[PDB]
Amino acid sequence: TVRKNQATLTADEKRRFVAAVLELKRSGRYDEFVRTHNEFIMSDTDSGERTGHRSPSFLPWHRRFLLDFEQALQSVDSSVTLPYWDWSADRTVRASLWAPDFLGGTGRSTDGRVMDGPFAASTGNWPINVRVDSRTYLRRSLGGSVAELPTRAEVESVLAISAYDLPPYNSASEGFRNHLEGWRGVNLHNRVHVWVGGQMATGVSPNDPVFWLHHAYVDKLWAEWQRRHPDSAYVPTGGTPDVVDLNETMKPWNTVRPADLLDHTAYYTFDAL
């Protein structure tokens, strides 16, 4: 029940995590996670109903989404937990995260095909099934579409924002949530998806295992923000059309509200907050 920095994992933890992920893929359970995220990424609009992205519920939604995935991983190997990627610290293509014994590196120039690691197409263990871009191999272009990943200083400026979110509660919004998501400002979360490239830059981003480590860190940043602003909390808090209010139930589950996911300690803790 402790999410650790991917950089701190032992060779054993890394082995077990990879094996559990590959088994969810083999059993066909993994692909359904990819499908769910794309469905929400395609229907979440600034003009209408938005639940998973560009709205205040972007955080509790991905929090529950990651909880589901982690629970699925634990059904395979109860010792595995979702590690996180601090892209502000481990910002180079040579981070241990991108080594052949963990996630593998960047793609080759010609077609962006990842050639090493346990998820390279050549292993026959990571078929890209849920997709839009017809190709079926994992693709990446680390730092190809955007020069740099966010820095600690930049993350600090976003964490400083006291307002959780602000009307019109969408991609035009000011406030912590939209700045963390990245639609406005120095851009944190969105820029990271772009930096990795490949499937990570698309709606079927969960096709890349790094998607989970990336969102595990975004999730931690929300935890760090709550620590900085104990006086601040989730908004809106009542009758706001097309937006999930604090005590409103969230799709696709419907049995959970942002109010139930505010405190992460009910499900897990971090190596350090």
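The first residue of the shown sequence is 1; numbering continues from there.
Participant: Out of 95 to 103 and 115 to 123, which stretch has the higher average CA B-factor listed in the record?
Facilitator: Averaging CA B-factors over each stretch, the winner is 95 to 103.
Participant: Mean CA temperature factor from the deposited coordinates, higher in 212 to 220 or in 244 to 252?
Facilitator: Result of the comparison: 244 to 252.
Participant: Return the residue from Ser205, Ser57, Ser27, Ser232 that has the highest Cα B-factor in the entry.
Facilitator: Spelled out: the listed residue with the top C-alpha B-factor is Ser232.
Participant: Among the choices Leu188, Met200, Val80, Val146, identify the one whose CA B-factor in the record is greatest.
Facilitator: Highest CA B-factor of the listed options: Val146.
Participant: Quick one: classify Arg135 as lowest, middle or highest third of the chain based on its Cα B-factor.
Facilitator: Its C-alpha B-factor belongs to the middle third of this chain's values.
Participant: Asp68: which third of its chain by C-alpha temperature factor?
Facilitator: Lowest third of the chain for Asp68's C-alpha B-factor.
Participant: Going by the CA temperature factor in the PDB record, which third of the chain does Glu23 belong to: lowest, middle or highest?
Facilitator: CA B-factor rank for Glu23: lowest third.
Participant: Going by the entry, which third of its chain does the Cα temperature factor of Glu156 land in?
Facilitator: Within its chain, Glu156 is a highest-third residue by C-alpha B-factor, going by the deposited values.
Participant: In terms of the chain's CA B-factor thirds, is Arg257 lowest, middle or highest?
Facilitator: For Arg257, whose C-alpha B-factor we compare with every modelled residue in the chain, the answer is the highest third.
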